[PDB]
file work21.cif (mmCIF, C-alpha atoms)
data_my_file
#
loop_
_atom_site.label_atom_id
_atom_site.label_comp_id
_atom_site.auth_asym_id
_atom_site.auth_seq_id
_atom_site.Cartn_x
_atom_site.Cartn_y
_atom_site.Cartn_z
CA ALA L 27 100.55 -13.47 40.29
CA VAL L 28 102.59 -12.40 43.28
CA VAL L 29 101.07 -14.14 46.27
CA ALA L 30 101.74 -12.43 49.58
CA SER L 31 100.93 -14.08 52.87
CA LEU L 32 99.83 -10.95 54.84
CA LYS L 33 98.16 -7.85 53.57
CA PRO L 34 100.97 -5.42 54.17
CA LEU L 35 103.37 -7.73 52.34
CA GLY L 36 100.79 -7.42 49.62
CA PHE L 37 101.00 -3.63 49.86
CA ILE L 38 104.70 -3.88 49.11
CA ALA L 39 104.51 -6.42 46.35
CA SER L 40 101.56 -4.51 44.84
CA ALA L 41 103.87 -1.51 44.41
CA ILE L 42 106.69 -3.42 42.74
CA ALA L 43 104.59 -5.65 40.53
CA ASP L 44 102.16 -2.87 39.62
CA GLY L 45 101.35 -3.12 35.94
CA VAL L 46 103.23 -6.41 35.59
CA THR L 47 101.16 -8.93 37.45
CA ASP L 48 98.52 -8.75 40.11
CA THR L 49 99.20 -9.25 43.77
CA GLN L 50 97.29 -11.63 46.01
CA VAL L 51 96.98 -11.81 49.76
CA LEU L 52 96.30 -15.15 51.41
CA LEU L 53 95.33 -14.10 54.96
CA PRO L 54 91.86 -12.52 54.59
CA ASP L 55 90.84 -9.17 56.06
CA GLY L 56 90.08 -9.36 59.75
CA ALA L 57 91.81 -12.69 60.33
CA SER L 58 94.91 -12.71 62.51
CA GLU L 59 98.40 -13.74 61.54
CA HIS L 60 98.32 -16.04 64.61
CA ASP L 61 95.24 -18.26 63.87
CA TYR L 62 94.86 -19.00 60.16
CA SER L 63 95.26 -22.17 58.09
CA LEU L 64 95.33 -22.41 54.34
CA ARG L 65 92.19 -23.10 52.36
CA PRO L 66 92.59 -25.69 49.64
CA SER L 67 92.07 -22.81 47.17
CA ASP L 68 94.79 -20.77 48.94
CA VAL L 69 97.25 -23.55 48.33
CA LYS L 70 96.30 -23.55 44.64
CA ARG L 71 97.19 -19.85 44.62
CA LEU L 72 100.59 -20.73 46.10
CA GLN L 73 101.32 -23.64 43.74
CA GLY L 74 100.68 -21.40 40.72
CA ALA L 75 102.12 -18.15 42.02
CA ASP L 76 104.93 -16.51 40.00
CA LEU L 77 106.46 -15.28 43.23
CA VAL L 78 105.58 -16.02 46.86
CA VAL L 79 106.34 -13.49 49.56
CA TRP L 80 106.23 -14.26 53.24
CA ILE L 81 108.23 -13.66 56.37
CA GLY L 82 109.40 -17.03 57.53
CA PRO L 83 108.44 -20.05 59.53
CA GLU L 84 108.67 -18.35 62.92
CA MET L 85 105.80 -16.08 61.77
CA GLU L 86 103.40 -17.50 59.14
CA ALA L 87 103.55 -20.98 60.63
CA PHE L 88 100.53 -22.04 58.64
CA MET L 89 102.42 -21.91 55.38
CA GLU L 90 105.82 -23.34 56.11
CA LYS L 91 104.00 -26.43 55.04
CA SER L 92 103.24 -25.56 51.42
CA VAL L 93 106.30 -23.44 50.80
CA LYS L 94 108.77 -26.33 50.91
CA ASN L 95 107.68 -27.40 47.39
CA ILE L 96 108.38 -23.93 46.02
CA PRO L 97 111.97 -23.36 44.90
CA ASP L 98 114.15 -20.40 45.97
CA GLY L 99 113.83 -18.35 42.79
CA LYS L 100 110.04 -18.39 43.11
CA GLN L 101 109.91 -17.08 46.71
CA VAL L 102 111.11 -14.34 49.07
CA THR L 103 111.46 -15.23 52.72
CA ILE L 104 111.95 -11.94 54.52
CA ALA L 105 113.15 -13.13 57.99
CA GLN L 106 116.11 -14.86 56.25
CA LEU L 107 117.28 -12.05 54.03
CA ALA L 108 120.79 -10.69 53.92
CA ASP L 109 119.95 -7.15 55.11
CA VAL L 110 117.11 -8.06 57.51
CA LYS L 111 118.57 -10.85 59.62
CA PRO L 112 121.07 -8.39 61.18
CA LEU L 113 118.26 -6.18 62.56
CA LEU L 114 115.83 -8.73 64.07
CA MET L 115 114.72 -7.88 67.63
CA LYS L 116 114.04 -10.08 70.71
CA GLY L 117 110.60 -11.14 72.02
CA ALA L 118 110.09 -9.76 75.55
CA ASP L 143 113.69 -16.14 69.64
CA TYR L 144 112.92 -12.99 67.72
CA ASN L 145 109.91 -10.69 67.15
CA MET L 146 108.67 -11.29 63.57
CA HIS L 147 106.31 -8.37 63.09
CA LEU L 148 108.67 -7.06 60.48
CA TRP L 149 106.25 -5.68 57.95
CA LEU L 150 106.10 -2.55 60.16
CA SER L 151 109.87 -1.80 59.83
CA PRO L 152 110.48 0.66 57.03
CA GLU L 153 114.07 -0.46 56.73
CA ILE L 154 112.84 -4.04 56.37
CA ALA L 155 110.11 -3.15 53.94
CA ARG L 156 112.83 -1.49 51.79
CA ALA L 157 114.96 -4.65 51.85
CA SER L 158 111.90 -6.73 50.96
CA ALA L 159 110.92 -4.54 47.97
CA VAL L 160 114.42 -4.85 46.66
CA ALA L 161 114.41 -8.65 46.96
CA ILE L 162 110.97 -8.94 45.37
CA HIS L 163 112.09 -6.75 42.47
CA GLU L 164 115.21 -8.82 42.02
CA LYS L 165 113.25 -12.05 41.76
CA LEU L 166 110.71 -10.56 39.39
CA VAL L 167 113.33 -9.22 37.02
CA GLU L 168 114.65 -12.82 36.98
CA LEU L 169 111.29 -14.39 36.30
CA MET L 170 109.80 -11.67 34.11
CA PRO L 171 112.82 -10.22 32.25
CA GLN L 172 110.80 -8.54 29.54
CA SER L 173 109.26 -6.24 32.19
CA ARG L 174 112.59 -4.94 33.68
CA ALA L 175 111.67 -1.53 32.35
CA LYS L 176 108.57 -1.10 34.45
CA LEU L 177 109.83 -3.07 37.45
CA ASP L 178 112.96 -0.89 37.87
CA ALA L 179 110.68 2.15 37.62
CA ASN L 180 108.06 0.81 40.10
CA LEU L 181 110.79 0.21 42.64
CA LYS L 182 112.34 3.63 42.25
CA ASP L 183 108.87 5.14 42.98
CA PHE L 184 108.36 2.95 45.97
CA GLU L 185 111.72 3.89 47.48
CA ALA L 186 110.70 7.53 46.93
CA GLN L 187 107.20 7.36 48.47
CA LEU L 188 108.57 5.22 51.29
CA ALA L 189 111.35 7.68 52.04
CA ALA L 190 109.10 10.69 51.90
CA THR L 191 106.52 8.91 54.14
CA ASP L 192 109.20 7.93 56.70
CA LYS L 193 109.80 11.64 56.98
CA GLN L 194 106.16 12.69 57.50
CA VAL L 195 105.42 9.93 59.94
CA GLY L 196 108.59 10.72 61.88
CA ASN L 197 107.35 14.27 62.35
CA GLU L 198 103.78 13.27 63.27
CA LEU L 199 104.98 10.76 65.88
CA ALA L 200 107.91 12.76 67.19
CA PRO L 201 105.77 14.73 69.77
CA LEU L 202 104.44 11.45 71.22
CA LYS L 203 107.86 10.41 72.45
CA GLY L 204 107.42 10.00 76.18
CA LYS L 205 103.65 9.50 76.22
CA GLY L 206 103.12 5.95 77.49
CA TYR L 207 100.33 3.70 76.31
CA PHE L 208 99.38 0.00 76.19
CA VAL L 209 98.72 -2.19 73.18
CA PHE L 210 96.77 -5.37 72.83
CA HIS L 211 99.24 -7.94 71.39
CA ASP L 212 102.98 -7.27 70.68
CA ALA L 213 103.31 -6.35 66.95
CA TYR L 214 104.68 -2.87 66.87
CA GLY L 215 108.21 -3.26 68.23
CA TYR L 216 109.88 -2.52 64.96
CA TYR L 217 107.72 0.48 64.11
CA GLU L 218 107.73 1.83 67.66
CA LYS L 219 111.49 1.55 68.07
CA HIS L 220 112.16 3.19 64.74
CA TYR L 221 109.95 6.27 65.35
CA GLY L 222 110.92 6.33 69.04
CA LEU L 223 107.57 5.59 70.64
CA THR L 224 107.33 4.83 74.35
CA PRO L 225 105.06 1.90 74.96
CA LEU L 226 104.42 0.97 78.64
CA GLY L 227 103.79 -2.58 77.41
CA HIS L 228 101.37 -5.06 75.91
CA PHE L 229 98.25 -7.01 77.02
CA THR L 230 99.27 -10.17 75.24
CA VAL L 231 101.90 -11.50 72.89
CA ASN L 232 99.97 -14.25 71.21
CA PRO L 233 96.45 -12.92 71.29
CA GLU L 234 94.88 -16.38 71.34
CA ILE L 235 95.91 -16.17 75.06
CA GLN L 236 93.55 -14.03 77.17
CA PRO L 237 95.63 -13.15 79.07
CA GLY L 238 94.20 -12.60 82.52
CA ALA L 239 94.52 -12.24 85.41
CA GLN L 240 97.48 -10.73 87.18
CA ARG L 241 98.41 -9.27 83.76
CA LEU L 242 95.17 -7.38 83.75
CA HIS L 243 95.78 -6.23 87.33
CA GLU L 244 99.27 -4.82 86.65
CA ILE L 245 97.83 -2.82 83.77
CA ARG L 246 94.84 -1.56 85.79
CA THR L 247 97.07 -0.21 88.62
CA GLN L 248 99.34 1.46 86.08
CA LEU L 249 96.35 3.21 84.43
CA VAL L 250 94.71 4.48 87.63
CA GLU L 251 98.10 5.65 88.95
CA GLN L 252 97.88 8.20 86.10
CA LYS L 253 101.00 6.94 84.24
CA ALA L 254 99.35 6.04 80.85
CA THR L 255 97.74 8.32 78.26
CA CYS L 256 96.22 5.83 75.84
CA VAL L 257 95.23 2.18 75.47
CA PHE L 258 94.94 0.51 72.07
CA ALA L 259 92.56 -2.14 70.92
CA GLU L 260 92.67 -4.05 67.67
CA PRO L 261 90.02 -4.68 65.15
CA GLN L 262 90.74 -8.39 64.72
CA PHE L 263 90.06 -9.02 68.43
CA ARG L 264 87.30 -8.07 70.87
CA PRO L 265 88.06 -4.75 72.55
CA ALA L 266 85.91 -6.17 75.36
CA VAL L 267 88.96 -6.71 77.64
CA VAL L 268 90.46 -3.28 77.07
CA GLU L 269 87.30 -1.32 77.97
CA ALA L 270 87.42 -2.47 81.59
CA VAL L 271 90.92 -1.93 83.00
CA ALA L 272 90.22 1.66 81.83
CA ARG L 273 86.58 2.44 82.45
CA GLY L 274 86.55 4.89 85.36
CA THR L 275 90.05 6.17 84.51
CA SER L 276 91.34 9.22 82.60
CA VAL L 277 92.94 7.00 79.98
CA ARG L 278 91.83 7.68 76.39
CA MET L 279 91.15 4.76 74.06
CA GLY L 280 92.05 3.97 70.45
CA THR L 281 92.79 1.18 67.95
CA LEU L 282 95.78 -0.06 65.94
CA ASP L 283 95.42 -2.24 62.84
CA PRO L 284 98.68 -3.98 62.11
CA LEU L 285 97.29 -5.60 58.95
CA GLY L 286 95.84 -2.40 57.43
CA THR L 287 92.80 -4.56 56.73
CA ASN L 288 90.89 -1.58 55.29
CA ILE L 289 93.49 -0.45 52.73
CA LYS L 290 93.38 -1.52 49.09
CA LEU L 291 96.39 -3.08 47.38
CA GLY L 292 98.13 -0.55 45.14
CA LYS L 293 101.31 1.36 44.60
CA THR L 294 100.75 3.83 47.37
CA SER L 295 99.22 1.24 49.72
CA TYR L 296 102.23 0.51 51.88
CA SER L 297 103.03 4.20 52.40
CA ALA L 298 99.33 4.60 53.32
CA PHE L 299 99.60 1.76 55.86
CA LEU L 300 102.37 3.54 57.77
CA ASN L 301 100.55 6.85 57.65
CA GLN L 302 97.37 5.25 58.87
CA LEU L 303 99.06 3.54 61.70
CA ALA L 304 100.83 6.80 62.62
CA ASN L 305 97.51 8.53 62.63
CA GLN L 306 95.99 5.70 64.74
CA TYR L 307 98.64 6.10 67.46
CA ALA L 308 98.67 9.88 67.25
CA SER L 309 94.92 10.49 67.10
CA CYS L 310 94.71 9.14 70.62
CA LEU L 311 98.11 10.28 71.98
CA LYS L 312 98.19 13.97 70.83
CA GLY L 313 98.22 16.61 73.66
#
call {"tool": "encode", "arguments": {"input": "work21.cif", "output": "structure tokens"}}
result
Amino acid sequence: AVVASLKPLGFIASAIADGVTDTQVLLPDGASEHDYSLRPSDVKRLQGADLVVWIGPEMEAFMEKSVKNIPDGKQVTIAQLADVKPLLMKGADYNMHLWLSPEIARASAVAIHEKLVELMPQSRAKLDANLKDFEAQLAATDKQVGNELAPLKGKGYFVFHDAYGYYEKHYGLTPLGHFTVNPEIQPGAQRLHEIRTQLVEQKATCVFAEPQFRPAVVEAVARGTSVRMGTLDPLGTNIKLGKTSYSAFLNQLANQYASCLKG
């Protein structure tokens, strides 16, 4: 099997290795990328994976550990890829929420495909063809999203937790800023003040919760005000692995942003 660390890395691998081997996500639905640690049975899945896909040690900390035993032909480490490295952003030490960069996704699909062809050479036929389709969906989605999000350029909003840099920069969104960075921090207390003042001084159209964290803090700093409220799910927790899953992720996310920000 192809064992992906996070669900949207699954979405990608599931497209490339469709019909060739199954894909498996380690980080379960509704857990957060910051704050997991590998089950014994999750390490089994890694030890006997055909191919392992993850970002890199600055992101999925919890699995740097087990990935040192795995050799280079049996894994794809997306933060240290040829075409990705050059376009890593800074953390306002780089932002690693890469799985939302279509350019990076592309580069990842490529590298996955390469390694699978190597390991499973009698499936080259299908693999080559799965990839072609991916590149096509992905391209055609990047177009539709672009259009959907284009009218939200300018509209300022706030997000819980800083995950969306890559996506936001690429489609030209206009975030006023984030509540946290690591969302195991609260954050309080001045942070929450600076947001409040910004929201009541008109200035912001939407504020965005997340499903893997209590919206609790976001209602508040908003109640009373003319700010609308929504949610963003950066792990597409409610999307099934499949060919068209990663293109669905981006569309969903676009719709999440837009469903609140439209006007």
call {"tool": "residues_around", "arguments": {"input": "work21.cif", "residues": "residue 202 of chain L", "least_positions_apart": "6", "cutoff": "7 Å", "atoms": "all atoms listed in the file", "output": "number ranges by chain"}}
result
L: 223, 311-312
call {"tool": "residues_near_point", "arguments": {"input": "work21.cif", "point": "(98.4, 1.2, 73.6)", "cutoff": "9 Å", "atoms": "only C-alpha atoms", "output": "MDAnalysis selection string"}}
result
chainID L and resid 206:210 225:229 254:259 279:282 307
call {"tool": "atom_distance", "arguments": {"input": "work21.cif", "atom1": "atom CA of residue 109 of chain L", "atom2": "atom CA of residue 157 of chain L"}}
result
6.5 Å
call {"tool": "residues_near_point", "arguments": {"input": "work21.cif", "point": "(112.9, -5.7, 60.1)", "cutoff": "6 Å", "atoms": "all atoms listed in the file", "output": "PyMOL selection string"}}
result
chain L and resi 110+113-114+148+151+154
call {"tool": "residues_around", "arguments": {"input": "work21.cif", "residues": "residue 94 of chain L", "least_positions_apart": "3", "cutoff": "12 Å", "atoms": "only C-alpha atoms", "output": "mmCIF file with C-alpha atoms, keeping the file's coordinate frame"}}
result
data_model
loop_
_atom_site.group_PDB
_atom_site.id
_atom_site.type_symbol
_atom_site.label_atom_id
_atom_site.label_comp_id
_atom_site.auth_asym_id
_atom_site.auth_seq_id
_atom_site.Cartn_x
_atom_site.Cartn_y
_atom_site.Cartn_z
ATOM 1 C CA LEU L 72 100.590 -20.730 46.100
ATOM 2 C CA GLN L 73 101.320 -23.640 43.740
ATOM 3 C CA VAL L 78 105.580 -16.020 46.860
ATOM 4 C CA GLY L 82 109.400 -17.030 57.530
ATOM 5 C CA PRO L 83 108.440 -20.050 59.530
ATOM 6 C CA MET L 89 102.420 -21.910 55.380
ATOM 7 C CA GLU L 90 105.820 -23.340 56.110
ATOM 8 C CA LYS L 91 104.000 -26.430 55.040
ATOM 9 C CA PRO L 97 111.970 -23.360 44.900
ATOM 10 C CA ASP L 98 114.150 -20.400 45.970
ATOM 11 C CA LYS L 100 110.040 -18.390 43.110
ATOM 12 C CA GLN L 101 109.910 -17.080 46.710
ATOM 13 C CA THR L 103 111.460 -15.230 52.720
#
call {"tool": "resolve_selection", "arguments": {"input": "work21.cif", "expression": "the PyMOL selection byres ((chain L and resi 184) around 12)", "output": "ChimeraX atom specification"}}
result
/L:37-44,152,155-160,163,177-183,185-192,292-298
call {"tool": "resolve_selection", "arguments": {"input": "work21.cif", "expression": "the PyMOL selection byres ((chain L and resi 246) around 12)", "output": "ChimeraX atom specification"}}
result
/L:208,229,238-245,247-254,257,267-277
call {"tool": "resolve_selection", "arguments": {"input": "work21.cif", "expression": "the PyMOL selection byres ((chain L and resi 62) around 10)", "output": "PyMOL selection string"}}
result
chain L and resi 52-54+57-61+63-65+86-89
call {"tool": "atom_distance", "arguments": {"input": "work21.cif", "atom1": "atom CA of residue 67 of chain L", "atom2": "atom CA of residue 165 of chain L"}}
result
24.4 Å
call {"tool": "closest_residue", "arguments": {"input": "work21.cif", "among": "L:166, L:289, L:51, L:194", "to": "residue 71 of chain L", "atoms": "all atoms listed in the file"}}
result
L:51
call {"tool": "residues_around", "arguments": {"input": "work21.cif", "residues": "residue 213 of chain L", "least_positions_apart": "2", "cutoff": "7 Å", "atoms": "all atoms listed in the file", "output": "PDB file with C-alpha atoms, keeping the file's coordinate frame"}}
result
ATOM      1  CA  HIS L 147     106.310  -8.370  63.090  1.00  0.00           C
ATOM      2  CA  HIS L 211      99.240  -7.940  71.390  1.00  0.00           C
ATOM      3  CA  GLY L 215     108.210  -3.260  68.230  1.00  0.00           C
TER       4      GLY L 215
END
call {"tool": "atom_distance", "arguments": {"input": "work21.cif", "atom1": "atom CA of residue 299 of chain L", "atom2": "atom CA of residue 150 of chain L"}}
result
8.9 Å
call {"tool": "closest_residue", "arguments": {"input": "work21.cif", "among": "L:196, L:79, L:92, L:49", "to": "residue 66 of chain L", "atoms": "all atoms listed in the file"}}
result
L:92
call {"tool": "closest_residue", "arguments": {"input": "work21.cif", "among": "L:96, L:167, L:46, L:35", "to": "residue 80 of chain L", "atoms": "only C-alpha atoms"}}
result
L:35
call {"tool": "axis_aligned_box", "arguments": {"input": "work21.cif", "around": "segment 102-106 of chain L", "padding_each_side": "8 Å", "output": "AutoDock Vina command-line options"}}
result
--center_x 113.6 --center_y -13.6 --center_z 53.5 --size_x 21.0 --size_y 19.3 --size_z 24.9
call {"tool": "closest_residue", "arguments": {"input": "work21.cif", "among": "L:310, L:27, L:162, L:169", "to": "residue 107 of chain L", "atoms": "only C-alpha atoms"}}
result
L:162
call {"tool": "closest_residue", "arguments": {"input": "work21.cif", "among": "L:161, L:285, L:32, L:308", "to": "residue 201 of chain L", "atoms": "all atoms listed in the file"}}
result
L:308
call {"tool": "closest_residue", "arguments": {"input": "work21.cif", "among": "L:68, L:164, L:212, L:260", "to": "residue 146 of chain L", "atoms": "all atoms listed in the file"}}
result
L:212
